[PDB]
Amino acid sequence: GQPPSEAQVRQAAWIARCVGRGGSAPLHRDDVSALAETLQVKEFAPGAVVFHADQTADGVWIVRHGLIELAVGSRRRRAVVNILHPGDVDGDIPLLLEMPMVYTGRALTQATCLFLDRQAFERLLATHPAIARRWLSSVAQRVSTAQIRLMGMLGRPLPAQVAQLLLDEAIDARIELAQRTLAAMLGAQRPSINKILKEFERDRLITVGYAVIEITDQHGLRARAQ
């Protein structure tokens, strides 16, 4: 079929940069344990949908086991914008903003997610001050981190921006994003991005693979990021 619009990809990608991670998790795993019988335990076969784009955020999802792919568009030509690992959290900030989810989460491997519905979420915050307080820290961290990344791109040459984006996205020196998605995140023309990546590759800074990019010279790439 057809790929989603540049606008849809850009919006999904940057909003997906506010997901909760290890260092920014709103609940400790021990808090999660204590919520047993309140959290709903959901199992997912590979390929199964956890939540749908454009549907109201009606609770908080915690990844417990497996990997969850975040993507926008039709399955065949969807744009992957992120991957959630065990401990990661999504749904809470859009709930706080009374917004729908703007991408779809699907199990990439056999997965278990824990669901805190809206009512349970409100009750938790109304009754547990320490949990409310850590949630506030988490939200501040996650949204500010995204903002600061957008701010930092401004006023810099595009190759510096691409270099910086790769460095920021890399996990174990790997960026698992399509070139099209990188272009969308930077508001850049796709041929412009291709040429930069090709130059970085020629200069032995990166390797461009099958919708993944490998960093081969971190210090050299840091220099391009200025």
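One-based numbering along the sequence shown.
Looking at 137 to 145 and 75 to 83 together, the entry lists the larger mean B-factor for 75 to 83, computed on C-alpha atoms.
Higher average CA B factor: 197 to 205, of the stretches 154 to 162 and 197 to 205.
Per the PDB record, 47 has a higher Cα B-factor than any other of 59, 187, 47, 26. Residue 179 sits in the middle third of its chain by CA B factor, as recorded in the PDB entry. When the modelled residues of the chain are ordered by C-alpha B-factor, residue 109 sits in the highest third. Per the PDB record, residue ranking by Cα B-factor puts residue 215 in the highest third of the chain. Among all modelled residues in its chain, residue 32 ranks in the lowest third by Cα B-factor. Sort the chain's modelled residues by C-alpha temperature factor and residue 41 lands in the middle third, per the entry.
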